[PDB]
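Contents: one structure, followed by commentary.
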Number of protein chains: 4
Amino acid sequence: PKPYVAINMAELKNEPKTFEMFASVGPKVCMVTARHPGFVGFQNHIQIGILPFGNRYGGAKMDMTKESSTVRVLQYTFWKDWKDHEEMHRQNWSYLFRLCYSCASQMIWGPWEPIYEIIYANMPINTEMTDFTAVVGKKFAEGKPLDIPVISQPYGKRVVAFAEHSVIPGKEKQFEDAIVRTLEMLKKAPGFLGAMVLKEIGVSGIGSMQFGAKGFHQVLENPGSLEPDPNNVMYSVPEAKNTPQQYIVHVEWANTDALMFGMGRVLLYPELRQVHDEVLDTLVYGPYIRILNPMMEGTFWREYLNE
Amino acid sequence: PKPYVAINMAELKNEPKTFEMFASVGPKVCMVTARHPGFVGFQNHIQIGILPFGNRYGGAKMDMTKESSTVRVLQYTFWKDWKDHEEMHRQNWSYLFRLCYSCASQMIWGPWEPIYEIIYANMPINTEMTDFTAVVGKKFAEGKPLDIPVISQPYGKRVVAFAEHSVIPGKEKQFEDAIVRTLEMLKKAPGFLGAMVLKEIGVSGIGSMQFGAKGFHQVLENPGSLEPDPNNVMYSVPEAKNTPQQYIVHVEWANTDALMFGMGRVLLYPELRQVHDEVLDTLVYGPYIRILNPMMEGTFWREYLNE
Amino acid sequence: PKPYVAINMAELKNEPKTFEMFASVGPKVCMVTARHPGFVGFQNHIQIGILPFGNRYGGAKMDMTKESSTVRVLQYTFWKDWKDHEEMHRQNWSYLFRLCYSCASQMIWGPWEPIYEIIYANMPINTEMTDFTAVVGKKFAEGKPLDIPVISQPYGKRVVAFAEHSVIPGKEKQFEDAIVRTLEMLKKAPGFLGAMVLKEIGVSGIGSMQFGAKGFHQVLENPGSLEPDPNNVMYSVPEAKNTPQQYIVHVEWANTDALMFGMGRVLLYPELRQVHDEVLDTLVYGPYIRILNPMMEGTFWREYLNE
Amino acid sequence: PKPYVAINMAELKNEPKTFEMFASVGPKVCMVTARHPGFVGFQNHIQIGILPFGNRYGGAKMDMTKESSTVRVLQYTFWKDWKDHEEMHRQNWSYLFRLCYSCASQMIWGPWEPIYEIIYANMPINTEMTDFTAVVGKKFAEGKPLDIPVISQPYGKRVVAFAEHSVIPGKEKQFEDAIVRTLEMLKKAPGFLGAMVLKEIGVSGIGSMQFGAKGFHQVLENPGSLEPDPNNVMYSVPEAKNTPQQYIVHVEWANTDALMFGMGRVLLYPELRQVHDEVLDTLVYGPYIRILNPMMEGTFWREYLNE
Ligand SMILES: [Fe+3]
Ligand SMILES: [Fe+3]
Ligand SMILES: [Fe+3]
Ligand SMILES: [Fe+3]
């Protein structure tokens, strides 16, 4: 079934010390998260660049890692129910706060952790190139060769287009209907590895280190080993839901060229351009497209999705 | 009287060609904006860094200009009525679009142009160090020594704390009352040069290059000398107003140390800390504090303000 | 069905500034071209080299990119009807001229845009290496395993043999019959990815910036933002059709070794050599064989082709 | 059927002279070992690193080869009956001792040669990427598509997780049952190439150069061309079996990322974590996980295994 998604977002200094702490503390945070039975997996991304849209963002390119002074992370965790995320943070707060607080020396912005519902998903399980023979064998044995997926390789061996959209109030249904029609056509582009549409339902104050006064002072004054009062979060998840309504259109691709020309199909192929124009008419903001590398992940999230 | 404020925000590559285009294009844009009789002035900022709050943003410093790969600009224009902003943009679209388009080669994000009402202002006129003798003489000559301002030096000779806040729905009045009480106390800190509170009322689609499908394709396809259809903006300014409600607390300071310890007064001086705690209890997001240099400005906006 | 093909040809300086403008302006031109509902896609090439044919062109090699002072581009656009190409240019001339004129600073020769009919096509859809599993599954589910194509990878991951031929007047049928027999045999060569035969039907004067006197002056005097009169083209497409008749034999290959030995099959395999000798007897000029890299492309042209 | 496994373990200087000895001596030893009809194959490994378990072994990483002063080898030989290994050594002692002695100059620790029974195996035959087309063909031809294996590439083109465990006396059955459940679930991880559990039954004194006094003096005094008395081994294989009982859990993976996150599935996927917790409760020692590269091998051992 469709899980809910929490996306923890932050911007950190682009230096070895940051990647060192990703490698030490990141696994620990994931192990802590996995203590909760409602956790169904994760997909952790680094932003490598920004899609330039010709020269609309002429200062950007799809891979800016060499030049950029910062690194943005977008850490997706998947949950049977979004309340499971809120419970896990609170049940495991002494570990999680002290783990996440160790990233402080490297932080420039964040953490900020919006929560989403998945309103559309066309996403395969991941497979390594070594796996495909057995997958094909099994699908033919089951008499379902139509269910043989594309090869979507895990652990940094594909790329993601993370397309931000905010929608005019009243135009949500028009956006949702048109984006799904768009993505159903998009899937014909070479190197398409799957797509999903995330609709924001709110924000996790605790995941965002956003407390009332007491907890704010506790964060600022922390030696690193003392939890802020987790009951000093002043707002529930839905209270922070944005209007204009926010969506992420998340599309996965074999490589950055497939991403550039494949996402470009919505502009270059007249039939699809006409459908996608119905999306564009509904927007307050976007599409703004970040190029992400899914590096560290728990691929069983897709197994849950496709149950 | 209080003007409305439009703040055009963008992120560009941090390199010489960018600052060269600020020098070419920026003055031209301001001159075009001044064709409208409702224009009352401008204050254009570059972000120099981010307030670290001890080590909460431990990768940040107040001056990050030597290491950052990007530069963020925040261009304030002041208007008798916010509709004047919208009218100026449409009436001068040929010039403005083609001027702003020249910046595309350097752009990474933006433009994004929220519009604000000023709900509180304690801001002086600017004066150079050479002016103060005549100001003092003139105020004493008219029997108004209370109207002698601090010396708030124009053109890059002071610094701004730009503090972003978003507020729990329903707590807008509590925030507003609390922040004004806070700023009325803050004005005792040494080096304090004034403060104002901006409350978002909406977003200029045209200023943000956010059109429907027709205008989006015109933007992406543009050789630089053809206008997108300015009538293809699909939402009004208020239709884009965010909930949670967004505010900017804008506080000016003599220098960055005065800024750090001055804004710090709300954490360090117990009586003020108690008042400011009432602000903190209302927030969804923030305070996140950008450090800005007001470089290019039309100082007469303050003359209008203080009329 | 078989579309028509326009091939825009030019030679430019082989320097970064040329490739910078390909990345900036190329996409804009494609987006403009896609405004016409008769546009069915595109395949844009850079010439990497020339086939030496032993040492017949002993100064050449298949990859000359490191040494060459120029770069030749051959931009294929595909059209339901060739008249569509002519309408598209006229209907969108404001944008298109101004975009293409921005290439001026780098141009040495061109543009020159002959138009072709396809008289023979054996060309597959493109697929990425990730896609093949699903393609195989679908064709078996459909009971059409015979229709499983080779893997012809998009976006610079294969090579093209572009073989120019001109034919003795009166021998066009003999050429056409012999070249098809030849290509039907050539498809056995390892790494063969498809072939088509293009027969020239004329030249687009507008696409070649070839006007009467009035438009010629307008081109030469242009500051960059003023279109020449698109109605000052003095000849229709068919009026410029060459005699001797020109053809392109376009053959795609997995890599340059497969290209060299595979194309060489017409010389090395006696049974094929006998068939291809019938082609050679009909020529005025050729075969002259350029080695091309298909970098930017709209792969959906093959979908139209194969319906 | 399941063979028995002898694992010869040694630590040598990490310098070129060592790898030169591997290249000349190693193939000779394997040829001698092949003189016995009970020899069913071999798989020889170098340790490339150690799994850090987050930062539990924070000084380790998966590939330590550039920094390490030593190199550990783990040479697996597979035997129809374990007694065959013992007989082979005695029958071929003049050659083997003299061959193994020539490694002396490079040795820091070892040799040490425990013998194992295989209590669980899910291991495929190895195939090169060239082979898979024919394997698929044959399996479909015999109506067994379910038996198409993953592609497990020989000769250094995959990696091995070598997980050491020692088990509380009396908890052997619990460990064995829970480890099998764990590996049956682990096989769903991307990149999984097979697993087996080895249970120690004893140690080969002769393979370990572990003699009584007579043979010890002979080894120490050896010019290189005189055998120690092979009848001076003082203990049988089972007499050296350890309590606490030792096991190796040997898991093969496409690459080190698949190994890291895949082995990690036992910590990150809640359903598998619960199962693996049952293994963890049984341990005296471990899991301690060496990362191995299987470079030189006699792949036919898996053919024997899978008959
Ligand atoms: Fe979270
Ligand atoms: Fe504006
Ligand atoms: Fe053309
Ligand atoms: Fe042995």
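Going through the structure tokens in order, the chains are called A, B, and so on, while each chain numbers its residues from 1 and the ligands are numbered from 1 in the order shown.
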
Exercise for review: Output as a ChimeraX atom specification all residues of range 25-191 of chain C that backbone DSSP marks as helix (DSSP H, G or I).
Suggested key: /C:25-33,82-91,93-101,104-106,132-141,145-147,172-186

Review point. Do you know which residues are within 10 Å of ligand 4 using only C-alpha atoms and all ligand atoms? Can you write them as an MDAnalysis selection string?
Key: chainID D and resid 5:9 29 33 75:78 85:89 96 111:115 203:209

Would you write out those residues with N, CA and C atoms, as a compact mmCIF listing (two decimals), in the first residue's frame?
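That gives us again_20.txt:
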# COMPACT_ATOMS: atom_id res chain seq x y z
N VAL D 5 34.69 -27.88 4.03
CA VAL D 5 35.51 -26.73 3.65
C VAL D 5 36.68 -26.61 4.59
N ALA D 6 37.90 -26.47 4.07
CA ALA D 6 39.06 -26.18 4.86
C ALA D 6 39.41 -24.72 4.52
N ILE D 7 39.67 -23.91 5.54
CA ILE D 7 39.99 -22.48 5.28
C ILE D 7 41.36 -22.24 5.84
N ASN D 8 42.34 -22.08 4.96
CA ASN D 8 43.69 -21.76 5.37
C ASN D 8 43.81 -20.25 5.52
N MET D 9 44.21 -19.80 6.71
CA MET D 9 44.22 -18.38 7.09
C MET D 9 45.65 -17.97 7.40
N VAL D 29 50.29 -24.65 -5.66
CA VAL D 29 49.58 -25.29 -4.53
C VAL D 29 48.23 -25.82 -4.97
N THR D 33 46.89 -29.72 -4.90
CA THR D 33 45.68 -30.05 -4.19
C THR D 33 44.72 -30.83 -5.06
N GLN D 75 41.96 -18.98 2.30
CA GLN D 75 41.94 -19.88 1.16
C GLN D 75 40.99 -21.04 1.41
N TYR D 76 39.83 -21.05 0.78
CA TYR D 76 38.86 -22.16 0.93
C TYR D 76 39.20 -23.31 -0.04
N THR D 77 39.29 -24.51 0.48
CA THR D 77 39.34 -25.72 -0.36
C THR D 77 38.17 -26.58 0.04
N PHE D 78 37.52 -27.14 -0.96
CA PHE D 78 36.29 -27.91 -0.79
C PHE D 78 36.53 -29.41 -1.05
N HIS D 85 40.99 -34.06 2.74
CA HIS D 85 41.90 -32.93 2.84
C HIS D 85 43.14 -33.40 3.54
N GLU D 86 42.91 -34.17 4.63
CA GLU D 86 44.01 -34.69 5.43
C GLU D 86 44.89 -35.67 4.67
N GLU D 87 44.25 -36.57 3.94
CA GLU D 87 44.96 -37.48 3.07
C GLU D 87 45.74 -36.76 1.95
N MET D 88 45.15 -35.73 1.36
CA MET D 88 45.84 -34.97 0.29
C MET D 88 47.14 -34.37 0.77
N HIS D 89 47.09 -33.76 1.96
CA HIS D 89 48.27 -33.16 2.55
C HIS D 89 49.38 -34.19 2.77
N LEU D 96 53.92 -29.91 -1.12
CA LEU D 96 53.18 -28.84 -0.44
C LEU D 96 53.97 -28.09 0.58
N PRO D 111 50.31 -20.40 9.09
CA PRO D 111 48.94 -20.67 8.66
C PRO D 111 48.13 -21.32 9.78
N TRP D 112 46.83 -21.14 9.68
CA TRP D 112 45.90 -21.72 10.61
C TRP D 112 44.73 -22.18 9.77
N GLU D 113 44.40 -23.48 9.87
CA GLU D 113 43.45 -24.13 8.92
C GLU D 113 42.33 -24.92 9.60
N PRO D 114 41.34 -24.20 10.07
CA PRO D 114 40.12 -24.84 10.55
C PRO D 114 39.36 -25.50 9.45
N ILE D 115 38.60 -26.53 9.81
CA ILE D 115 37.78 -27.34 8.90
C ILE D 115 36.31 -27.18 9.29
N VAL D 203 40.39 -28.62 13.43
CA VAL D 203 41.50 -27.90 12.78
C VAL D 203 42.49 -28.90 12.26
N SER D 204 43.03 -28.66 11.06
CA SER D 204 44.07 -29.47 10.49
C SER D 204 45.42 -29.03 11.06
N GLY D 205 46.00 -29.86 11.93
CA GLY D 205 47.32 -29.58 12.42
C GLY D 205 48.32 -29.53 11.30
N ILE D 206 48.26 -30.47 10.37
CA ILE D 206 49.24 -30.46 9.28
C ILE D 206 49.11 -29.19 8.43
N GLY D 207 47.89 -28.82 8.09
CA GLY D 207 47.65 -27.60 7.30
C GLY D 207 48.07 -26.34 8.09
N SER D 208 48.17 -26.44 9.41
CA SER D 208 48.53 -25.31 10.26
C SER D 208 50.01 -25.32 10.66
N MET D 209 50.78 -26.23 10.08
CA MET D 209 52.16 -26.44 10.50
C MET D 209 52.31 -26.56 11.99

Proximity check chain C to chain A, 6 Å, nearest pairs one decimal Å, only C-alpha atoms, as JSON lines:
{"residue": "C:24", "atom": "CA", "partner": "A:54", "partner_atom": "CA", "distance": 5.3}
{"residue": "C:27", "atom": "CA", "partner": "A:54", "partner_atom": "CA", "distance": 5.6}
{"residue": "C:31", "atom": "CA", "partner": "A:268", "partner_atom": "CA", "distance": 5.6}
{"residue": "C:34", "atom": "CA", "partner": "A:268", "partner_atom": "CA", "distance": 5.3}
{"residue": "C:37", "atom": "CA", "partner": "A:270", "partner_atom": "CA", "distance": 5.9}
{"residue": "C:127", "atom": "CA", "partner": "A:190", "partner_atom": "CA", "distance": 5.4}
{"residue": "C:128", "atom": "CA", "partner": "A:191", "partner_atom": "CA", "distance": 5.2}
{"residue": "C:130", "atom": "CA", "partner": "A:151", "partner_atom": "CA", "distance": 4.7}
{"residue": "C:131", "atom": "CA", "partner": "A:150", "partner_atom": "CA", "distance": 5.1}
{"residue": "C:133", "atom": "CA", "partner": "A:150", "partner_atom": "CA", "distance": 5.7}
{"residue": "C:134", "atom": "CA", "partner": "A:149", "partner_atom": "CA", "distance": 5.2}
{"residue": "C:137", "atom": "CA", "partner": "A:145", "partner_atom": "CA", "distance": 4.5}
{"residue": "C:138", "atom": "CA", "partner": "A:146", "partner_atom": "CA", "distance": 5.2}
{"residue": "C:141", "atom": "CA", "partner": "A:146", "partner_atom": "CA", "distance": 5.8}

Those of range 48-259 of chain D in DSSP strand (DSSP E or B), formatted as a short mmCIF file (atom, residue, chain, number, x, y, z; two decimals) with N, CA, C and O atoms, in the first residue's frame:
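Final file, selection_9.cif:
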data_model
loop_
_atom_site.label_atom_id
_atom_site.label_comp_id
_atom_site.auth_asym_id
_atom_site.auth_seq_id
_atom_site.Cartn_x
_atom_site.Cartn_y
_atom_site.Cartn_z
N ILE D 48 39.97 -7.32 2.03
CA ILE D 48 40.13 -5.94 1.66
C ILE D 48 39.79 -4.93 2.76
O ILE D 48 40.31 -3.82 2.78
N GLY D 49 38.96 -5.32 3.74
CA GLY D 49 38.62 -4.42 4.83
C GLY D 49 37.71 -5.11 5.83
O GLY D 49 37.64 -6.31 5.84
N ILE D 50 37.03 -4.29 6.63
CA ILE D 50 36.25 -4.73 7.79
C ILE D 50 35.04 -3.83 7.82
O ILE D 50 35.14 -2.58 7.67
N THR D 70 49.39 -5.00 6.31
CA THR D 70 49.30 -6.46 6.19
C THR D 70 48.19 -6.81 5.25
O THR D 70 47.27 -6.03 4.95
N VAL D 71 48.21 -8.05 4.81
CA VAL D 71 47.16 -8.59 3.96
C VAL D 71 46.80 -9.98 4.55
O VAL D 71 47.71 -10.74 4.83
N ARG D 72 45.51 -10.19 4.80
CA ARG D 72 45.01 -11.46 5.30
C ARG D 72 44.48 -12.25 4.13
O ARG D 72 43.65 -11.75 3.34
N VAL D 73 44.83 -13.52 4.08
CA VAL D 73 44.29 -14.44 3.08
C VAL D 73 43.46 -15.53 3.78
O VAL D 73 43.73 -15.90 4.97
N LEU D 74 42.42 -15.94 3.07
CA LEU D 74 41.49 -17.00 3.52
C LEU D 74 41.24 -17.88 2.32
O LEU D 74 40.47 -17.53 1.39
N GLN D 75 41.96 -18.98 2.30
CA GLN D 75 41.94 -19.88 1.16
C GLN D 75 40.99 -21.04 1.41
O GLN D 75 41.33 -21.92 2.21
N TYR D 76 39.83 -21.05 0.78
CA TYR D 76 38.86 -22.16 0.93
C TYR D 76 39.20 -23.31 -0.04
O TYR D 76 39.29 -23.09 -1.24
N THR D 77 39.29 -24.51 0.48
CA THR D 77 39.34 -25.72 -0.36
C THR D 77 38.17 -26.58 0.04
O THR D 77 37.83 -26.67 1.22
N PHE D 78 37.52 -27.14 -0.96
CA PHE D 78 36.29 -27.91 -0.79
C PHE D 78 36.53 -29.41 -1.05
O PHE D 78 37.27 -29.77 -1.97
N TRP D 79 35.90 -30.27 -0.23
CA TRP D 79 36.29 -31.68 -0.14
C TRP D 79 35.04 -32.54 -0.02
O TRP D 79 34.18 -32.22 0.81
N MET D 107 55.54 -14.03 5.91
CA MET D 107 54.49 -14.38 6.85
C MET D 107 54.62 -13.66 8.20
O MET D 107 55.72 -13.52 8.74
N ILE D 108 53.50 -13.15 8.72
CA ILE D 108 53.43 -12.53 10.06
C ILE D 108 52.71 -13.43 11.10
O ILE D 108 53.10 -13.50 12.27
N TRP D 109 51.69 -14.11 10.62
CA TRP D 109 50.85 -15.00 11.43
C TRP D 109 50.31 -16.10 10.52
O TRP D 109 49.97 -15.89 9.36
N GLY D 110 50.14 -17.29 11.08
CA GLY D 110 49.58 -18.39 10.33
C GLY D 110 50.66 -19.37 9.86
O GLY D 110 51.83 -19.21 10.27
N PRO D 111 50.31 -20.40 9.09
CA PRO D 111 48.94 -20.67 8.66
C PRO D 111 48.13 -21.32 9.78
O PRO D 111 48.66 -21.94 10.68
N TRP D 112 46.83 -21.14 9.68
CA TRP D 112 45.90 -21.72 10.61
C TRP D 112 44.73 -22.18 9.77
O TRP D 112 44.09 -21.39 9.09
N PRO D 114 41.34 -24.20 10.07
CA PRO D 114 40.12 -24.84 10.55
C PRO D 114 39.36 -25.50 9.45
O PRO D 114 39.49 -25.14 8.29
N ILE D 115 38.60 -26.53 9.81
CA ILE D 115 37.78 -27.34 8.90
C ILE D 115 36.31 -27.18 9.29
O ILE D 115 35.96 -27.12 10.46
N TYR D 116 35.42 -27.07 8.32
CA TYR D 116 34.01 -26.76 8.57
C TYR D 116 33.10 -27.77 7.86
O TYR D 116 33.42 -28.27 6.79
N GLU D 117 31.96 -28.01 8.44
CA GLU D 117 30.84 -28.59 7.72
C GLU D 117 29.94 -27.46 7.30
O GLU D 117 29.85 -26.46 7.99
N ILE D 118 29.28 -27.61 6.16
CA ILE D 118 28.33 -26.62 5.67
C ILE D 118 26.98 -27.08 6.15
O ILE D 118 26.56 -28.17 5.79
N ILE D 119 26.36 -26.29 6.99
CA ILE D 119 25.00 -26.61 7.56
C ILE D 119 23.83 -25.97 6.84
O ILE D 119 22.67 -26.33 7.04
N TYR D 120 24.10 -25.01 5.95
CA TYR D 120 23.11 -24.35 5.13
C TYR D 120 23.83 -23.77 3.93
O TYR D 120 24.89 -23.19 4.08
N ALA D 121 23.27 -23.94 2.76
CA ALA D 121 23.86 -23.31 1.57
C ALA D 121 22.79 -22.90 0.60
O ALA D 121 21.90 -23.66 0.27
N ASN D 122 22.88 -21.66 0.13
CA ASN D 122 22.08 -21.13 -0.96
C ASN D 122 23.07 -20.38 -1.87
O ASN D 122 23.20 -19.17 -1.80
N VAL D 159 32.01 -9.34 -4.07
CA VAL D 159 32.62 -9.22 -2.75
C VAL D 159 31.91 -10.20 -1.78
O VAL D 159 30.83 -10.64 -2.05
N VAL D 160 32.56 -10.49 -0.67
CA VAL D 160 32.11 -11.47 0.32
C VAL D 160 32.08 -10.80 1.71
O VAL D 160 33.04 -10.15 2.13
N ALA D 161 30.98 -10.95 2.42
CA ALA D 161 30.89 -10.67 3.83
C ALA D 161 31.18 -11.95 4.60
O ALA D 161 30.45 -12.93 4.45
N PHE D 162 32.22 -11.91 5.41
CA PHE D 162 32.68 -13.10 6.13
C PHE D 162 32.40 -12.78 7.60
O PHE D 162 33.15 -12.01 8.23
N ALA D 163 31.30 -13.32 8.15
CA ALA D 163 30.84 -12.87 9.47
C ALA D 163 31.14 -13.98 10.49
O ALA D 163 30.57 -15.05 10.46
N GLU D 164 32.06 -13.69 11.38
CA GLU D 164 32.48 -14.58 12.45
C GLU D 164 31.51 -14.49 13.64
O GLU D 164 31.11 -13.40 14.08
N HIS D 165 31.12 -15.67 14.12
CA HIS D 165 30.28 -15.84 15.30
C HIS D 165 30.82 -17.00 16.16
O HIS D 165 31.29 -18.08 15.66
N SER D 166 30.76 -16.81 17.49
CA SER D 166 30.96 -17.91 18.39
C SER D 166 29.75 -17.88 19.34
O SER D 166 29.23 -16.80 19.66
N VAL D 167 29.33 -19.07 19.72
CA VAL D 167 27.96 -19.27 20.27
C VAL D 167 28.05 -19.89 21.68
O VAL D 167 28.89 -20.74 21.94
N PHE D 192 22.18 -9.48 -3.67
CA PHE D 192 22.48 -10.70 -2.96
C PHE D 192 22.88 -11.80 -3.92
O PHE D 192 22.14 -12.05 -4.91
N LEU D 193 24.05 -12.39 -3.70
CA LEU D 193 24.57 -13.43 -4.60
C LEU D 193 24.66 -14.80 -3.99
O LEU D 193 25.19 -15.70 -4.62
N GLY D 194 24.18 -14.99 -2.75
CA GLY D 194 24.26 -16.30 -2.14
C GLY D 194 24.77 -16.25 -0.70
O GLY D 194 25.41 -15.28 -0.29
N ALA D 195 24.49 -17.28 0.06
CA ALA D 195 24.98 -17.38 1.44
C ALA D 195 25.16 -18.83 1.83
O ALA D 195 24.49 -19.71 1.32
N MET D 196 26.04 -19.07 2.78
CA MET D 196 26.23 -20.39 3.39
C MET D 196 26.70 -20.21 4.81
O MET D 196 27.25 -19.17 5.17
N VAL D 197 26.37 -21.17 5.66
CA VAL D 197 26.80 -21.20 7.05
C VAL D 197 27.74 -22.37 7.26
O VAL D 197 27.43 -23.55 6.92
N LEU D 198 28.93 -22.07 7.77
CA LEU D 198 29.96 -23.03 8.04
C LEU D 198 30.12 -23.18 9.53
O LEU D 198 30.21 -22.20 10.25
N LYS D 199 30.10 -24.43 9.97
CA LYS D 199 30.23 -24.79 11.38
C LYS D 199 31.54 -25.51 11.60
O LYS D 199 31.81 -26.51 10.94
N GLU D 200 32.40 -25.03 12.50
CA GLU D 200 33.70 -25.60 12.66
C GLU D 200 33.59 -27.03 13.25
O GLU D 200 32.84 -27.24 14.22
N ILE D 201 34.29 -27.97 12.64
CA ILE D 201 34.43 -29.33 13.19
C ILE D 201 35.79 -29.67 13.73
O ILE D 201 36.01 -30.75 14.29
N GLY D 202 36.78 -28.80 13.53
CA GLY D 202 38.10 -29.08 14.02
C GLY D 202 39.13 -28.25 13.28
O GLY D 202 38.75 -27.33 12.60
N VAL D 203 40.39 -28.62 13.43
CA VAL D 203 41.50 -27.90 12.78
C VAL D 203 42.49 -28.90 12.26
O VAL D 203 42.85 -29.82 12.99
N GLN D 245 31.38 -22.88 20.31
CA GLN D 245 31.30 -23.33 18.93
C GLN D 245 31.41 -22.12 18.00
O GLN D 245 30.70 -21.16 18.14
N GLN D 246 32.29 -22.24 17.02
CA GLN D 246 32.50 -21.23 15.97
C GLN D 246 31.75 -21.56 14.67
O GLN D 246 31.65 -22.75 14.19
N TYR D 247 31.20 -20.49 14.12
CA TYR D 247 30.57 -20.48 12.81
C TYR D 247 31.08 -19.27 11.96
O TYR D 247 31.46 -18.26 12.49
N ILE D 248 31.11 -19.49 10.65
CA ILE D 248 31.19 -18.45 9.67
C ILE D 248 29.89 -18.37 8.89
O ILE D 248 29.42 -19.38 8.34
N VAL D 249 29.36 -17.16 8.83
CA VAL D 249 28.23 -16.83 7.98
C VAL D 249 28.87 -16.08 6.80
O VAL D 249 29.36 -14.97 6.94
N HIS D 250 28.79 -16.72 5.62
CA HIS D 250 29.48 -16.25 4.41
C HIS D 250 28.41 -15.80 3.43
O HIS D 250 27.60 -16.61 2.99
N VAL D 251 28.36 -14.50 3.11
CA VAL D 251 27.31 -13.90 2.30
C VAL D 251 27.98 -13.17 1.14
O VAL D 251 28.87 -12.36 1.37
N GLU D 252 27.53 -13.43 -0.08
CA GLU D 252 28.13 -12.82 -1.27
C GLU D 252 27.27 -11.73 -1.85
O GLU D 252 26.05 -11.80 -1.84
N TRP D 253 27.92 -10.68 -2.36
CA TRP D 253 27.24 -9.47 -2.79
C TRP D 253 27.83 -8.89 -4.09
O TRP D 253 29.03 -9.00 -4.35
#

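The closest residue to residue 232 in chain A, picked from A:212, A:41, A:16, A:287 and counting only C-alpha atoms, is A:212.
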
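Residues in contact range of residue 28 in chain C, defined as at most 8 Å between only C-alpha atoms, with sequence neighbours fewer than 4 positions away removed, read residues 54 of chain A; 220, 221 and 222 of chain B; 24, 32 and 99 of chain C.
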
**Study point:** 10 Å contact set for residue 277 in chain A, only C-alpha atoms, chain neighbours under 6 positions out, as a list in words
**Key:**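 Those residues are residues 178, 179, 182, 266 and 267 of chain A; 212, 213, 214, 216 and 217 of chain B.
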
Practice item. For CA of residue 2 in chain C and CA of residue 300 in chain C, quote the distance in Å rounded to one decimal. Key: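 So the answer is 13.0 Å.
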
Review point. So how many Å separate CA of residue 175 in chain B and CA of residue 158 in chain B, to one decimal?
Key: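 So the two atoms, CA of residue 175 in chain B and CA of residue 158 in chain B, lie 27.4 Å apart.
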
Practice item. Fewer than 2 positions away in the same chain doesn't count, so skip those; otherwise give me all residues within 12 Å of residue 19 in chain A, counting only C-alpha atoms, as a PyMOL selection string. Key: chain A and resi 12-17+21-26+46+70-73+103+106+295

Exercise for review: Find the distance between CA of residue 297 in chain D and CA of residue 64 in chain D and write it in Å to one decimal.
Suggested key: 22.4 Å
